[PDB]
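Listed below, chain by chain, are the residues.
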Amino acid sequence: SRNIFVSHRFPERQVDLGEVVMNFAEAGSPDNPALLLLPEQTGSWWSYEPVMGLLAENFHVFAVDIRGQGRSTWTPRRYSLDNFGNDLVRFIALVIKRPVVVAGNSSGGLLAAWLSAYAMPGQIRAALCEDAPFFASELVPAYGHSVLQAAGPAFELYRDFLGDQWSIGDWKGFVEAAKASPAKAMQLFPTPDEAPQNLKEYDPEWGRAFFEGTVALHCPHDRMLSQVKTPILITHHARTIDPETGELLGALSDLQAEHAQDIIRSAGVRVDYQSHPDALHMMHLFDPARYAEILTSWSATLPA
Amino acid sequence: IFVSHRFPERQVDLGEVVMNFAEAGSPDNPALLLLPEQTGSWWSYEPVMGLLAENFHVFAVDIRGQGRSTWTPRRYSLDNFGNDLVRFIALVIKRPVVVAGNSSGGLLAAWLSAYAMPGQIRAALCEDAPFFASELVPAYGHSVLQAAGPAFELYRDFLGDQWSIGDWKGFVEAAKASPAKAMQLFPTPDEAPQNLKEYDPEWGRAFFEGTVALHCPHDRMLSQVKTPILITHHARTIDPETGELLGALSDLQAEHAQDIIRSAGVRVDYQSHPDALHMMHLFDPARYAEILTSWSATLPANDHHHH
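Residues numbered from 1 in each chain as written, not as in the entry; some residues may be left out. Chains lettered and ligands numbered in written order. Heavy atoms only, no water. Residues with missing side-chain atoms left out of burial classes, pairs and counts.

- Header annotation of the entry names X-ray crystallography as the structure determination method and lists the resolution as 1.46 Å.

Written out as structure tokens, the structure reads:
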């Protein structure tokens, strides 16, 4: 329907980028440094709603709905990291019109790195990659677990039961397949009787693109990390190896994080790594005060 | 390996790609962005630019993976090509443009009409563009495997991504031996020509393997165009034995392309030039210049873009 939205504590506006009309919320005062917040997959801008007040003390915050999510345009067959990233390049150029710190969670953290490497010159001051699945979200990664061995199971179910643009919509089937899944990474997957608000706002073709290896086909992660041009902060939250299946539970393994750091270091840019092994994947949502402190303290070490 | 040209060249950093280009004419005339064919550098337009600079502010570009522009391993997609050009318009031209492209560049002219930033594109000239026929899974008619694919396969197999194999002699041998009717007229000089020395053959891999437009199905892209389109349709024939398409697109593919654009509610003009060579802008430059100039003069705001 694309008519299922609810109210939020910050006003929302939309901007025509040329193909996507991007929805976003704004917080904070425009005399403060600009901060672009990129949600996790299945998450709308309001994934950041609880933390935006804290960040508004110090930043001019723009939290966006990425294409295929929230009130931003759904674009069948066009889901790629490059299209996600170029939408954001346009958003910075058309809306923000200043250099930004960009912070993103999970797939959004992939896009924060993408911008550090591939944005227009001067657009990106620095990038915060909050529990980003470097390598582990690729179909054939250079290192470690692939998407099939990590976050893939839920993506397969989104595709098979919800379908591209919610064209199947079989939430009841999805829940019963999620409960029956032998993937240990599905063990704590929430299975409410009714689809949650964030999933109702989510184009499940996103999940297809991740599961099928098309989203990053043209953006191998080893190459993209070698092309970053700004300081990078990597936060690395909970992760474990399942002792029955060998699945990666979490965003990326220790080995994948080591390689991501090594590649960035070899590009000659500043890289900082923080391991928070008892934090949840979406620390900006489940521990806003800790996330805000991490981001604010690191941002204060960046050159003006 | 570059050679001299009669228009000075400049480079601009788009962020990932540093784009090389040649500029001619006065900014008092409408801005015109010229996009070469695959394997062609900006100077595919060098013989015709003098004619066009009489009436346009001309920018002829090296697309990523070609000429002096950055080669970008594993990143060759219509979207990445097109977004470079969005950035070029925003950073260099800073005015709305008429965009004219040959072959793959014509695909990218249509791409810009659909997907550029608001207001950047006034109109698109698609000069013998392989709509559908350059897809691996086209909505209509021949796939690339039954059209331009044979040469692309040989580029991949003998020249290699970023010229990493570089077996020009084996390439020529295989071209001569090809069973494809579409290779019958392919030039096989003893040394690689300048345009191909400037070409990253991963371009050919991306077309042959169906990765270049995986995320840009042509039926959907044509349905999203937002500006007037001029389609020129040069020589084409279907081989009666192999069914190969010799040419850029078939009559059936051109019919559907027009129909989809018309259904988008935009102006579309179609000119069939059945005896014209694929690169008319290079091999019949006076004719191409008249087509482009006469058509541009019919566009709304032609007067707004003279100063």
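So that's the structure; there's more coming.
1. Some points on the overall build of chain B
Turning to step 1, where the next piece is worked out: Within chain B one finds 11 helices and 10 strands.
Turning to step 2, where the next piece is worked out: Across its three principal axes, chain B shows a C-alpha extent of roughly 55 × 40 × 35 Å.
Turning to step 3, where the next piece is worked out: Burial statistics for chain B: of 307 residues in total, 62% are counted as buried.
Turning to step 4, where the next piece is worked out: The long-range share in chain B, meaning contacts at least 24 apart out of those at least 6 apart in sequence, stands at 77%.
Turning to step 5, where the next piece is worked out: Summed over all atoms, the accessible surface of chain B reaches about 11,400 Å², with 53% contributed by carbon and sulfur.
Turning to step 6, where the next piece is worked out: Positive and negative side-chain charges of chain B, numbering 22 and 37 respectively, have mean locations separated by a distance of 5 Å. (Helix = DSSP H or I, 4+ residues; strand = E, 2+ residues; numbered from the N terminus. Buried < 20%, exposed > 50% of the residue type's maximum accessible area, 1.4 Å probe, protein only. Contact = heavy atoms within 4.5 Å. Areas by Shrake-Rupley, 256 points an atom, 1.4 Å probe, with all protein chains shown as cover. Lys, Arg positive; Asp, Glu negative; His and termini not counted. Charge placed at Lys NZ, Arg CZ, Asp CG, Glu CD.)

2. Side note on the sheet that holds strand 7 (residues 229–233) of chain B
Within a sheet, adjacent strands bond to each other through the backbone by hydrogen bonds, running parallel or antiparallel.
All names here are of chain B.
Turning to step 1, where the next piece is worked out: Strand order in the open sheet formed by 8 strands is 1-2-4-3-5-6-7-10, and the pairing between neighbours is mixed. Two strands close off the open sheet at either side, each with one partner strand: strand 1 (9–13) and strand 10 (268–272). Each neighbouring strand pair of the sheet contributes to a mean axis angle of 20°, computed without reference to strand direction.
Turning to step 2, where the next piece is worked out: Where strand 2 (residues 18–24) and strand 4 (residues 57–61) come together, 4 bridges link them in antiparallel fashion. By the bridge assignment for strand 4, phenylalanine 21 is matched with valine 61.
Turning to step 3, where the next piece is worked out: The strands touched by helix 3 (residues 104–115) within the sheet are strand 3 (31–35), strand 5 (97–102), strand 6 (121–127) and strand 7, with strand 6 carrying the most contacts at an inclination of about 155°. (Pairing = 2+ DSSP bridges. Axes fitted to C-alpha atoms, helices over the stretch in contact; angles between N-to-C directions.)

3. Topic: the side chain of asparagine 83 of chain B
Turning to step 1, where the next piece is worked out: Within the secondary structure layout, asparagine 83 of chain B lies in helix 2 (residues 78–93).
Turning to step 2, where the next piece is worked out: Those residues in contact with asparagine 83 of chain B that sit more than four places away from it in its chain are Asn83, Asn86 and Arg90 of chain A together with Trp111 of chain B.

4. Concerning the pattern of salt bridges
Once the charged atoms of two side chains with opposite charge are near each other, the side chains can pair.
Turning to step 1, where the next piece is worked out: In total, this model carries 33 salt bridges over all chains according to the counting rule given.
Turning to step 2, where the next piece is worked out: Notably, a salt bridge pairs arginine 67 of chain A with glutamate 19 of chain A, separated by 3.0 Å at the nearest N-O pair. With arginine 67 of chain A in the loop between strand 4 (60–64) and helix 2 (81–96) and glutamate 19 of chain A in the loop between strand 1 (12–16) and strand 2 (21–27), the pair connects residues that are 48 residues apart, well separated along the chain.
Turning to step 3, where the next piece is worked out: Here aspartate 161 of chain B makes a salt bridge to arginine 205 of chain B, at a shortest N to O gap of 2.8 Å. With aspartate 161 of chain B in the loop between helix 4 (149–159) and helix 5 (168–177) and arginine 205 of chain B in helix 7 (residues 202–208), this pair connects stretches of sequence that are 44 residues apart.
Turning to step 4, where the next piece is worked out: Take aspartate 161 of chain B: its relative accessible area is 10%, and that puts it in the buried class.
Turning to step 5, where the next piece is worked out: Overall, the relative accessible area of 26% leaves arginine 205 of chain B in the partly exposed class.
Turning to step 6, where the next piece is worked out: The network of salt bridges with common partners includes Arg77, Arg159, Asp160, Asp164, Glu205, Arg208 and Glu212 of chain A. (Salt bridge = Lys/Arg side-chain N within 4 Å of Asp/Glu carboxyl O.)

5. Looking at the interface of chain B and chain A
Turning to step 1, where the next piece is worked out: With 28 residues of chain B at the interface, the matching set in chain A holds 28 residues.
Turning to step 2, where the next piece is worked out: Each partner contributes to the roughly 2,300 Å² buried at the junction of chain B and chain A, and carbon and sulfur atoms together form 53% of this total.
Turning to step 3, where the next piece is worked out: Of all residues in chain B, the largest losses of buried area upon contact with chain A belong to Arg75, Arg87 and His215 of chain B, amounting jointly to 28% of the total for that side.
Turning to step 4, where the next piece is worked out: Here chain B and chain A share 2 salt bridges between them.
Turning to step 5, where the next piece is worked out: Among the salt bridges present, the one from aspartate 79 of chain B reaches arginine 78 of chain A, with a minimum N-O distance of 2.8 Å.
Turning to step 6, where the next piece is worked out: Linking chain B with chain A are 14 residue pairs in polar contact.
Turning to step 7, where the next piece is worked out: Elements represented by at least two residues in the side of chain B that touches chain A include exactly helix 2 and helix 3 of chain B. (Buried area = accessible area lost by both parts, 1.4 Å probe. Polar contact = N/O pair within 3.5 Å; in protein donor to acceptor, adjacent residues only side chain to side chain.)

6. Structural notes on the packing of aromatic side chains
Turning to step 1, where the next piece is worked out: Scanning all chains against the criterion turns up 33 aromatic pairs over all chains.
Turning to step 2, where the next piece is worked out: Here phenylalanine 174 of chain A and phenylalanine 189 of chain A contribute two aromatic rings whose centre-to-centre distance is 5.8 Å and whose plane-to-plane angle is 65°, an arrangement assigned as edge-to-face. Here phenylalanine 174 of chain A is found in helix 5 (residues 171–180), whereas its partner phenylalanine 189 of chain A is found in the loop between helix 5 and helix 6 (197–200), with 15 residues between them in sequence.
Turning to step 3, where the next piece is worked out: Relative to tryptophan 203 of chain B, the ring of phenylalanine 81 of chain B has its centre 4.2 Å away and its plane inclined at 20°; by these criteria the two rings are stacked. Of the two residues, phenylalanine 81 of chain B is situated in helix 2 and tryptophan 203 of chain B in helix 7; the sequence distance between them amounts to 122 residues.
Turning to step 4, where the next piece is worked out: A residue is classified by how much of its surface remains accessible, and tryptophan 203 of chain B, at 4% relative accessible area, is buried.
Turning to step 5, where the next piece is worked out: Pairwise contacts between aromatic rings join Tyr79, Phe84, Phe155, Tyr158, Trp171, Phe174, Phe189, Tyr202, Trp206 and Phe210 of chain A into one cluster.
Turning to step 6, where the next piece is worked out: Taking NZ or CZ as reference, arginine 78 of chain A lies 4.0 Å from the ring centre of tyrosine 115 of chain B, over its face.
Turning to step 7, where the next piece is worked out: Across from the ring centre of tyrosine 118 of chain A, 3.9 Å away, lies the NZ or CZ of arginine 75 of chain B, which sits over that ring. (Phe/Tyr/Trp six-rings, centres within 6.5 Å; stacked < 30°, edge-to-face > 60°. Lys NZ or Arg CZ within 6 Å of the ring centre and 35° of its normal.)

7. Digging into the pairing of strand 2 of chain A
All names here are of chain A.
Turning to step 1, where the next piece is worked out: Buried residues dominate strand 2, accounting for 5 of its 7 residues.
Turning to step 2, where the next piece is worked out: Inspection of the sheet shows strand 1 paired to strand 2 by 5 bridges, in the antiparallel sense. Pairing of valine 15 across the sheet is with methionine 22, part of strand 2.
Turning to step 3, where the next piece is worked out: The antiparallel pairing of strand 1 with strand 2 creates a hairpin that spans 4 residues between the two strands, and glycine 18 there sits at a positive phi of about 120°.

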